[PDB]
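Worksheet for the structure shown next.
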Amino acid sequence: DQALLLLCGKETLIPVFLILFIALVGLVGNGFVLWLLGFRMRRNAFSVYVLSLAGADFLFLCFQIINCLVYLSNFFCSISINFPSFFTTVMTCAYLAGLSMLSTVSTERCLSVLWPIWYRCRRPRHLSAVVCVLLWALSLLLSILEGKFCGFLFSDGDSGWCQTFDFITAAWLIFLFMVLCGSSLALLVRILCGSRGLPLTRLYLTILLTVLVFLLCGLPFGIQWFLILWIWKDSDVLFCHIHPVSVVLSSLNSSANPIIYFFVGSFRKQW
Ligand SMILES: CNCCc1ccc(OC)c(Cc2cc(CCNC)cc(Cc3cc(CCNC)ccc3OC)c2OC)c1
Ligand SMILES: CC(C)CCC[C@@H](C)[C@H]1CC[C@H]2[C@@H]3CC=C4C[C@@H](O)CC[C@]4(C)[C@H]3CC[C@]12C
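Under the authors' numbering, the residue at position 51 of the sequence shown is numbered 69, and the numbers go up by one with no gaps.
Following this line, the structure appears as C-alpha cells:
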C-alpha cells in the first residue's frame with residue numbers, strides 16, 4: 019500500500035515528466051502497431067512477434083503511466099491514490115515478455131540467415147504463436163511467483179525466497195541478453211563473411227542498433243530491480259537516483275521498439 023516513487027520526492031520530479039512524455043508517445047506508437055497488425059495489415063510469421071512485443075510494451079507503458087500519475091497526484095494536488103501492488107507484477111510480466119520477444123526476434127533473424135531453406139520451406143507456420151505463448155506464459159509465471167514471494171501479491175511473503183527468485187529473474191535476463199548477442203553475432207558473421215546480394219551497411223547498423231538499444235535501455239531496469247538492490251545493500255541514497263533513470267531508459271526502450279521493429283521496417287514506403 020505504497021508507491022515506489024515517493025521515497026525522495028523533490029529529486030525525482032523531472033524524470034517523471036520524461037517518463038510521462040516518452041510513455042505517452044510510446045503508447046501511441048504501440049497502439050498504432052497493435053491496431054495495424056491486429057486488423058489492417060497482413061501478418062507474416064514475424065508480425066506475430068512484433069505484435070506481441072507491442073502488446074508487452076503497451077502493458078508496460080500504461081503501467082508506467084499509472085505509476086507516474088500516482089506520483090503526480092501525490093505531488094501536485096496531494097491525493098495518495100492506492101492503486102494496488104499487484105499492478106507491479108503485471109508490469110514486470112510485461113517487461114520480461116518484451117525482453118524475451120527481443121531475443122526471440124534476434125534468434126529468428128539468425129535462423130532465417132543460417133538455415134534459409136528450412137526457414138523458407140520446412141518451418142512450421144504456428145511456431146511464432148507457440149513460442150510467443152510459451153515466452154509470455156513463462157514470463158507471467160516468473161512474475162507472479164516473484165510478486166507472490168516478495169509480497170506484491172496479497173501481502174504474504176518471505177525474503178529468503180524473494181531474493182532467490184529475484185536472482186533467477188536476473189539470470190534469465192542476462193541469458194536473454196547473451197541469446198540476443200549470440201544470435202546477432204552469428205547472423206553478422208554469416209552476413210559479413212558469406213553474402214552476395216545484401217545491403218551490408220544498413221543490416222550491420224540495424225543489428226548492432228537493436229543490440230545496443232537492448233543493452234542500454236531494456237536491461238538496466240531489470241538489473242537494478244532484480245539484482246542490484248540485493249548486492250549493493252544501500253536503500254535510499256543511490257536508489258532514488260538510479261531507479262527513475264532506469265524507468266526512463268525502459269520507457270525509451272518500449273517507445274523505440276515499435277519504431278525499430280515495425281515502422282522503420284515497413285513504412286519506408288511513405289518517404
Ligand atoms: C527505509 N524503508 C523503505 C522501504 C523500502 C525500501 C526499499 C525498497 O526497494 C528495495 C522498497 C520497495 C521494494 C522493492 C522490491 C523490488 C526488488 N525485488 C522485488 C522488493 C521489495 C521487497 C524486499 C526488499 C528488501 C531489500 C531492498 N533494499 C532496498 C528486503 C526484503 C523484501 O521483502 C522480503 C521492496 O520492499 C517493499 C521499500
Ligand atoms: C498464456 C498467457 C500468458 C498468454 C496471454 C498473454 C496476453 C497478454 C496476449 C497479449 C498479445 C497476445 C498475442 C497477440 C497476437 C497473437 C497472434 C495470434 O496469431 C496468435 C496469438 C498471439 C501470439 C497472442 C497470444 C497472447 C498475447 C501475447
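Using N, Cα and C, we set each Cβ at its ideal position, and we do this for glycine too.
Is the beta carbon of residue j closer than 8 Å to that of residue i?
i	j	result
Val123	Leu205	no
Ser268	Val229	no
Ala147	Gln82	no
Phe239	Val265	yes
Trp248	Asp184	yes
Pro276	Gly73	no
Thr107	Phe170	yes
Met109	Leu153	no
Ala274	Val231	yes
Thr182	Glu164	no
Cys111	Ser173	no
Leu237	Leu270	no
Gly56	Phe76	no
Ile84	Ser91	no
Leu54	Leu79	no
Where does residue i land, buried or exposed, given buried means 16+ other C-beta within 10 angstroms?
i	result
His261	buried
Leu69	buried
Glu29	exposed
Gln242	buried
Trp136	exposed
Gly212	exposed
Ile97	exposed
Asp19	exposed
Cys180	buried
Helix, strand or coil, according to DSSP, for residue i in the structure here?
i	result
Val282	helix
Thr224	helix
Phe94	coil
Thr122	helix
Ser201	helix
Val207	helix
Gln82	helix
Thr106	helix
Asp19	coil
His144	coil
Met59	coil
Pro217	coil
For residue i and residue j, I'd like the C-alpha separation in whole angstroms.
i	j	result
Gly215	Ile209	10 Å
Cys26	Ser161	27 Å
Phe64	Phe35	34 Å
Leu24	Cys150	36 Å
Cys139	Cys128	16 Å
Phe193	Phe101	32 Å
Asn62	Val197	23 Å
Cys86	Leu114	20 Å
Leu159	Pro217	41 Å
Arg58	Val255	49 Å
(message) Which residues neighbour ligand 2 when neighbourhood means a C-beta less than 6 Å away from any of its non-hydrogen atoms? List them by chain order.
(response) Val66, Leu69, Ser70, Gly73, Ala147, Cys150, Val151, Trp154, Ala155, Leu158
(message) Any residue with its C-beta under 7 Å from a non-hydrogen atom of ligand 1 counts. Can you list them all in chain order?
(response) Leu22, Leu25, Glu164, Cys168, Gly169, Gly175, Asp176, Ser177, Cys180, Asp184, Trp243, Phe244, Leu247, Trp248, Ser253, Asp254, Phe257
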